[PDB]
Each structure stands twice: as C-alpha cells, then as structure tokens.
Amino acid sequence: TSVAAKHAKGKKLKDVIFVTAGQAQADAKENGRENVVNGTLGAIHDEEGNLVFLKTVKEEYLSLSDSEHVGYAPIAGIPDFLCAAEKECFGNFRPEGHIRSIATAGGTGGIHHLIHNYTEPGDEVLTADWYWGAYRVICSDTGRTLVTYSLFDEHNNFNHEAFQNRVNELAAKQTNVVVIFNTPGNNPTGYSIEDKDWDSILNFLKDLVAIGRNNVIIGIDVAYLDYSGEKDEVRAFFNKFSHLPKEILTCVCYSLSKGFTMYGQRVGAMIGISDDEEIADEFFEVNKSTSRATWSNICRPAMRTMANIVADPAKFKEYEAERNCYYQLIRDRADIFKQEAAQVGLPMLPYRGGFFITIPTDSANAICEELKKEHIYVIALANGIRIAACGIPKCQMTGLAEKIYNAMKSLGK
C-alpha cells in the first residue's frame, strides 16, 4: 500500500555505518570507554578519546557576529569562502583554465549535483570497486546505476586495464561518462592515485575524447586531502588538469568536514575546471540552479569561519599546525597497525593516508559480529572490514591487528 511515485516505491536504506556506531557508543557509555575500541565513524578523536574540534576553528566560529551565524548566504555560497576553498584545495598547484565554484552541503551535495546535471536517468556512473558506500544511493535514488572497475591489479598497482575497459564500455553506450575518483586518502582503503597513474588516466581519457563521440566528467572527492601526505606532494597532480581538451570537464569536490573538523555543519565546494569559459560558466549556473532547487543556501557560520582563517596568515598557520598534530597523530596509529599487521600476517589494503584502513574479507559481516563481542566496534562492507584509525587512541591500536587476525583465523577466514 503505497502512494509514492513509480521510481520511489521500494526505497529503504540499510545503513550499516550509523547503527554500528550506535552500539559502539552504547557499549562505551555503560561499561566505560577504554574497554571499547571505536572503529566506526570518520571523526577524529584524540589520544584520550574526545572528539576534536580544532581550537583555531572553534575560536573563530564562536566569535562570529549574529549576522554570520543567522544571516542568509547567497545561493552560490559566500564568494570569500569560494575563493578560500580553491586556495586551500589547490595550494601551489592551481591548474590553468577557467575555474568556477559552488558551495555544496559536504562532498555529498557535490556528488549529487554533479550526477544530476552531467548524467541522464538510466545512465551508469563509474568508480573504483573500493568506494564510499553512499555513492550507491546518490546514483540509485535518481535512477542512475553505480558500476565499478577493479582498482588494484595482482600487485596493488592502479589497474589500468580494468579502468580502461570499463570506461570504453560506458563510452560505447552513453555520451557523457562520469567517473568518480576518491583520492588521496581513499575511503575505505587509504589509497592514493599516483602522479604517474594520473598521467596514464588523462592520456587515455584524452585518447577517448579525440574519437569525438564522448565527453568525460572527472569527479574527484578530495575529502581526505589534508590527511594524505606532504602539502605539495598530495596536491601536485592538480597541475595535470590544466588545458585539457574541453570535452573533458573536472570537478573537484572539496569538503570542510575533515580539513576543518566540522562534520555536522555540512559544508563544501564543488570546483569546476575547464579549458572553455562557457563550459565552466555552465558548471557554475547549472549547479547554482540545483542548489536553489535543493537546500537553497549552505551554512553561513561554517563558510565564514574557514574564509576568515584562510585570509589571516597568523591564524591560518596556527590552524595548519594544530591539524598537522592530529594527522601526525593518525599517521602513527596506522604505522603501529601496519607493522603488527605485517608480522602477524593480516591482509590489509595499501594505505597512504586517510582515516580508515581496511582488511579484505568476503566474510566481513560475520567477522564483525564476533568482533562486536570483544568490545571491538568496526564497519563491515561487502569487500571487508573498515576500521577508523581517526577514532582509535594509541592504547588500543597496538595489539589490535592481532585481535582481528585472531578472530578470522578461528572461523576459517
């Protein structure tokens, strides 16, 4: 018994991420925090367990005028914010061509708008077989289908044959092919596309476009950019989108959730890049329209907060340095998990950065339910176990790769 539209009739979300986090904090309220390890949600908590609100960000944010907290922001977002995000995102790497940006609600809004405006209903959207689960829903809630290519070959190199084969397949059947790359610090694996592999990607994508029947739209979910590596090394690939043929458009979906540790402020920028000023202006206008059509403006105090900080050299250096403490702090946790994981013999995907590390298993769900017994609370995907290294203090990181590998060995995994 349903009154919903034809395409909406059967929708129900199974959300593993959020309940699984719930029994976590549920075991950590009543029985004490330190007998529970929380590997669920992508939020940074410090060595003592508290959620990190970077104190430079919070200080700006709390000091704002009534107008910045409750006033309206323009539809496209605050122009200072739009310039500050591109500044932060690009670093010394800002590509040439025409760049135009629109404020979005997180990376989610970015991905939603990109898919709404650049694909037709029924179209397939491409990403790596290791990917953030929501992409599924962003496509499927709209009549699009998310399809995948094997990210890794046998030795864990970017798998170019798998990618090119899948792209050629979408290209044969639809004019626009949208491909989402989530890099650097891929969610779940932590993997980052290398500079040489971007070269091979773009060179292939330029060859495809020269045939003359397709446009390619390259989405890049950069959410983990500030958690992936040295400042210039992780951004250097941004130079590689300069002066691409106009049949290729690039959309960098940048977010403040991680970089500024504002999660529930819901704020991002989608940043379009084109050799062609008209194509780039169309990116701004069509995505501006979808914003008005959806949330109509994004959160003001969070936009104003990150613009203020980035424009004040003292304040911005103070913020880079507080964030880098927390990221050095994460990088080490993954060092401790990487070293013990290797000695004990536990398989784990090739992490270069990011909040998560994943253990490949076909059994993840089962292996997770017995982990929930140990007071170890983690996320189960179709491909394996995802663990939030952002959330796990040094205390429980060491000897953790043992407690997981020990659960799998008992069950035949």
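Residue numbers run from 1 along the displayed sequence.
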property	result
Given 331 to 339 and 232 to 240, the range whose Cα B-factors average higher in the PDB entry	331 to 339
Stretch with the greater mean C-alpha B-factor as recorded in the entry, comparing 155 to 163 against 288 to 296	155 to 163
Top residue by Cα temperature factor, when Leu64, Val57, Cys368, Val70 are compared in the entry	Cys368
Highest recorded Cα temperature factor - choice among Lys258, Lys246, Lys317, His98	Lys317
Third assignment of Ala5 from its chain's C-alpha B-factors	lowest
CA B-factor placement of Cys325, once the chain's modelled residues are sorted into thirds	highest
Chain third (lowest, middle, highest) by recorded CA B-factor, residue given as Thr305	middle
Relative C-alpha B-factor of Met262, binned into the chain's lowest, middle or highest third	highest
